[PDB]
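Student: If you're matching positions, the sequence shown starts at 64 in the UniProt record's numbering and goes up one per residue.
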Amino acid sequence: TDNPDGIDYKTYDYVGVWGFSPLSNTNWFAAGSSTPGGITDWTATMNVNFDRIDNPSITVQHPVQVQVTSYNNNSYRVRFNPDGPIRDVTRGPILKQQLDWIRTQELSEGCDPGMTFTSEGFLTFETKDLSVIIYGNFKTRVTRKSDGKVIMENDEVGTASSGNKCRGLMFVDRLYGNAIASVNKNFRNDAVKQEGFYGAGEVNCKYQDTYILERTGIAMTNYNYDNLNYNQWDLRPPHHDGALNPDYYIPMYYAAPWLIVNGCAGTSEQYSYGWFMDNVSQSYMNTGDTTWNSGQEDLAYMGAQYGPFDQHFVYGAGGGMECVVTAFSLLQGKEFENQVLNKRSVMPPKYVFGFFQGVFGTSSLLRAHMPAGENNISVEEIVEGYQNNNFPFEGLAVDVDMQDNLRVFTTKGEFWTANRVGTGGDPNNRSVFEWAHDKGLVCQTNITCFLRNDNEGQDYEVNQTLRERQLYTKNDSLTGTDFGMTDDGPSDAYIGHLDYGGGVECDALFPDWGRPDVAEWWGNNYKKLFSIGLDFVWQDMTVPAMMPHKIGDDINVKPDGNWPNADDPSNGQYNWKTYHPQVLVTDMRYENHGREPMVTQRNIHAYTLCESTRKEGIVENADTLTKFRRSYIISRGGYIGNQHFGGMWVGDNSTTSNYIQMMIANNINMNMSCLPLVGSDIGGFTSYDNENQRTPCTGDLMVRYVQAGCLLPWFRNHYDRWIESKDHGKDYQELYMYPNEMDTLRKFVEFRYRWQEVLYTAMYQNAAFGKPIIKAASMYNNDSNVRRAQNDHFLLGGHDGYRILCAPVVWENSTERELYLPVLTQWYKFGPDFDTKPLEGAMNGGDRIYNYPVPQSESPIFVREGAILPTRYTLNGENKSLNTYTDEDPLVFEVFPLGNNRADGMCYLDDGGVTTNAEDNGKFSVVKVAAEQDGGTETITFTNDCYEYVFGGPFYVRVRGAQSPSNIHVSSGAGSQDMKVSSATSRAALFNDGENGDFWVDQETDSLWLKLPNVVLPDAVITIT
Ligand SMILES: *[C@@H]1O[C@](F)(CO)[C@@H](O)[C@H](O)[C@H]1O
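1) Flag this pair as yes or no: are the beta carbons of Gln368 and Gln345 separated by less than 8 angstroms?
2) If you measure from each CB to the nearest heavy atom of ligand 1 and keep those under 7 angstroms, what residues do you get, in chain order?
3) List the DSSP bridge partners of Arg470.
4) Is it the case that the segment 660 to 675 contacts the segment 605 to 622, given that we only count it when at least three CB pairs across the two stretches are under 8 angstroms?
5) Going by beta carbon distance, what residues of the same chain come within less than 6 angstroms of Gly861, once the five residues before and after it are set aside?
6) Could you work out which residue in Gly184, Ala319, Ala380 and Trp105 is closest to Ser209 when comparing CA atoms only?
7) Three or more beta-carbon pairs under 8 angstroms between the segment 964 to 981 and the segment 506 to 525, yes or no?
8) Smallest Cα separation from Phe185: which of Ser97, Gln161 and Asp501?
9) Looking at the unbroken alpha helix (DSSP H) that takes in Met765, where does it start and where does it end?
10) So, at 7 angstroms on beta carbons, what are the nonlocal neighbours of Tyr198 in its own chain, with the 5 sequence-adjacent residues on each side left out?
11) Could you name each continuous beta strand (DSSP E) segment of 3 residues or more that falls completely within the segment 223 to 278, going from the start of the chain to the end?
12) Assign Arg483 to one of two classes, buried (16 or more other C-beta atoms within 10 Å of its C-beta) or exposed (fewer than that).
13) By the three-class DSSP mapping on this structure, what secondary structure does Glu216 have?
14) For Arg140, which three-state DSSP category applies?
15) Using the Cβ count rule (16 or more neighbours within 10 Å means buried), how would you classify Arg851?
16) Under DSSP, the beta strand (DSSP E) around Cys970 begins and ends at which residues?
17) Kindly give me the distance between the Cβ atoms of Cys506 and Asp630, rounded to whole angstroms, as I take these residues to be in contact under 8 angstroms.
18) Taking Cβ to Cβ, would you say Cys737 is nearer than 8 angstroms to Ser392?
19) Going by C-alpha distance, which of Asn438, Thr486, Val152 and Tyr77 is nearest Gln395?
20) Can you tell me whether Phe832 is buried or exposed? The criterion is at least 16 other CB atoms within 10 Å of its CB, across all chains shown.
21) Can you give the beta carbon distance from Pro85 to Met283, rounded, assuming they're within the 8 angstroms contact cut?
22) With a 10 Å radius around its C-beta and 16 neighbouring C-beta atoms as the bar for buried, classify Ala328 as buried or exposed.
23) Do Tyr336 and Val324 have their C-beta atoms within less than 8 angstroms of each other?
24) Starting from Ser494, follow its DSSP beta bridges and name the residues at the other end.
25) Measuring alpha carbon to alpha carbon, tell me which residue in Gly635, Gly383, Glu928 and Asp616 is nearest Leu961.
26) Nearest-angstrom Cα distance between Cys174 and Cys760?
27) Assign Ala905 to one of three DSSP states: helix, strand, or coil.
28) Here's a check: name, in chain order, each residue in its chain whose Cβ is nearer than 8 angstroms to the Cβ of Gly358, leaving out the five neighbours to either side.
29) Is it right to say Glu519 is buried, meaning 16 or more other beta carbons lie within 10 angstroms of its own, or is it exposed?
30) Measure the alpha-carbon distance for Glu659 versus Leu647 and round it to whole angstroms.
31) Our contact map puts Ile618 next to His560 with C-beta atoms below 8 angstroms; I'd like the distance itself, whole angstroms only.
32) Just reading off the alpha helix (DSSP H) that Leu572 is part of, what are its end residues?
33) Using a Cβ-Cβ cut-off of 7 angstroms (strictly less than) and excluding sequence neighbours within five positions of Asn88, which residues of its own chain qualify?
34) Consult DSSP for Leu298 and reduce its assignment to one of helix, strand or coil.
35) What does the Cβ neighbour count give for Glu400, buried or exposed, with the cut at 16 atoms within 10 Å?
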């Protein structure tokens, strides 16, 4: 059943943005003419005549479907398949079942797009806010009803005398290629529109010496790659001389063929729309880049090395770019499964939002069992460092260090307290994971999908059962290529090589995911780790990232680093640091469809692995999860839709200012690509000192890395540690190792911890509504200076999610940055210090301050007026891990000074992942709160949208700017009472000794604190006179 559509696969190698050239026309079909082919449901068919642009008399016919995906969220989809019948994918971000659910709802509401073929054969339809017309050759014009603004149009190219052809639909003549593309007009250069292009997952873009957010006027590709430092030498453009910097034309680890167009920014006539080309082969996004003649200033396009053509234009229901993100998340939603919680992404345990230390280069659990070696460290020393120094510290990322000879799902004795491997639950021989629980910590460990093959006759159950059950990727191809062999066998398996550097290496078999049976087998392996105490998963080398390898060479030999290149091309011999792209993998996109070569689907492999880990690993074997039944995944690779599996970190960065800059950019961009739980290793993973690789990250840079990283969804210090037996990396990188800075390091980790409910509530907003956690500055509306500030200003938190403004310093040795504060709202300077002193004066929005002061000990962070922020504290005043908090650790609603006499706030509550009942059975609570000021009366009102989780402890209201009241009355379903002044005179005394119904007048910080019983949380009216 192999290659059932009978494709000739013409291209196998990587093809850079310099080798992708739609606008060249030659050898390309474009849409020339059409006739109507009927409408069923919301899907119209046009029978399109494609004409060779360079020889229009050469013509083919393929049916093209136009589908209104959502009326209310203003979205439609265009799809065809030049190579076979049009097929629904069985796996991927956009499934038919969910499209079907959306339409079913909207139909039941009386939504009617009114899709019609005119008598001229023109296709027209409407959405809530938009009207669309497609002419005979596919020329498409999308107009906004309110003002009649044309907000999108596709591209036509002229011919001599054969008429205009629409390059909105393009495919290369299958005689010469397999490629596809689609071209729009691009108003980047319009004096009024000034179209901007945002999104694109992980792409890095340099402008001068600074890394920037926007993705306008550049040629990008999606080509999941083992891209260490984001600049792998083999990724260089042809004939490139000198240092290759990370930059826009280099693929990353995430595959996001997705862009948000945004025009007329900061005006009432603003428009935004997303553009998704659902394709998992190498794909491309060009936003008007003339470099290599890849594009034209006034044209934007997307395309891909292989078919089929499936594309989505997503305008959203409301004004602003965020509405585009939510609508997109809607389209990939799980409402069709009746998810009570995980609608648009999956909720993590609370513990995911804590501060995690990873290290590549640990050698034991305990100091007493650490093998002697230069600069060797034990897991124990790391925990002591953080705990003895009172760091809020969550746990560890344990690396391949703990495995038995790189065998995934194993451990070796050095990583047990008794120095031998046990089966778990033995109190006189604890694994690293068990010992870590007893420290109040949780752990992620490193899982790759390489199953060690060279075992020297020694038994390794995972590889054996992979072999025995024939679940591995075979070594078959259509090209008759020799992928290689070893003495281990099997005679018919793909065999790759894992290389960590420094002799840390092995042969590996791999799972052929598209096979039915593979996913069940994979997920079950995790039992071996969950049962010895493992809490969550850190997914690595997911490409799958293999050692560079040229066909012909022995399996363990890499090619010269300079190869391949322009003068010495791969010519289908380079493996491209993954599977040799010729290999026949069982179809991941279509179940029951045979095998295609991996070139067709490279960017789905990671998504598929995370999927299998999620469904068959974290979910189906939840029984064996020890301390928390909810688990999470942090992946290195993936594809749009990964959020229903977990989050991401941006693989191997490094320790320079630029990588701070890139980390902010990535985090913002990845968020608006609907992957919100993301971060980059804090301190950079790799060595950065060219003279001596072991020099550790400086104190100032770490401070800034930390200040920048501290509110981003995923906060981990991880690094390559130099050790005798793995002689690459730095000496150390842990926050406790910085005496001069410790007091600044510690407080920002504290600050984070205090806003643990701000982060977790945003995560709720994402799971339920798809709001991204981190907002690009351009998502703030009706402001025409945010575009300029968007590189390093990002928003988060609160009821709407624009309550906190961050503007980290992004340069080592700098005590200033230019600061922009969004217009028509007031800001309050805040940070780690302000919890224990009064707020300063309000700052006006729309102020640009050049050279705004930021000492090393500070970071620019502002809370907006009208914010009420849930805030946590330990009862005993010591710093502890998120995971060992209980409801007797105070929950405090901090009410900031009011905006237009009001403030609002929201808080999500569940058992934090202890069980999965919030997401299986609806066991969570959504508290809302509001403050209003009338004359001399202030009313603070608690309501709920559901209260199915009982907050088992007292809670507080902290009114900023309020002092002593004449009276406070509390009215609630149960306790209607007047409050009294506590006999407590300090905050620690009010927490521990204060009675429910006590208030405290806090002069030192100009706050009024109210202590309230747990039972009045879900519904209450507080009137202060
Ligand atoms: C995978 O490879 C490692 F370097 C070693 O397992 C990790 O430490 C790294 O974070 C990841 O890219």
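Where is the CB? At the ideal position from N, CA and C, for every residue including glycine.
Tutor: With the structure as the only source:
1) yes
2) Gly421, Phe423, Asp462, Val463, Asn509, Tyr563, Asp603, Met604, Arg699, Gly714, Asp715, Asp744, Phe748, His781 and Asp783
3) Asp467
4) yes
5) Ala930
6) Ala380
7) no
8) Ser97
9) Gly762 to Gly772
10) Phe185
11) 228 to 235, 243 to 248 and 259 to 262
12) exposed
13) strand
14) strand
15) exposed
16) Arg965 to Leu972
17) Actually they do not touch by this definition, with Cβ atoms about 48 angstroms apart.
18) yes
19) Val152
20) exposed
21) 14 angstroms between Cβ atoms; not a contact.
22) buried
23) yes
24) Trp479
25) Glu928
26) 57 angstroms
27) coil
28) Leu86, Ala282, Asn349, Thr350, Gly351, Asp352 and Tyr364
29) exposed
30) 5 angstroms
31) 6 angstroms
32) First-last for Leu572: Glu568 to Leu572, but that is the beta strand (DSSP E), not the alpha helix (DSSP H).
33) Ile116, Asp117 and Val220
34) helix
35) exposed
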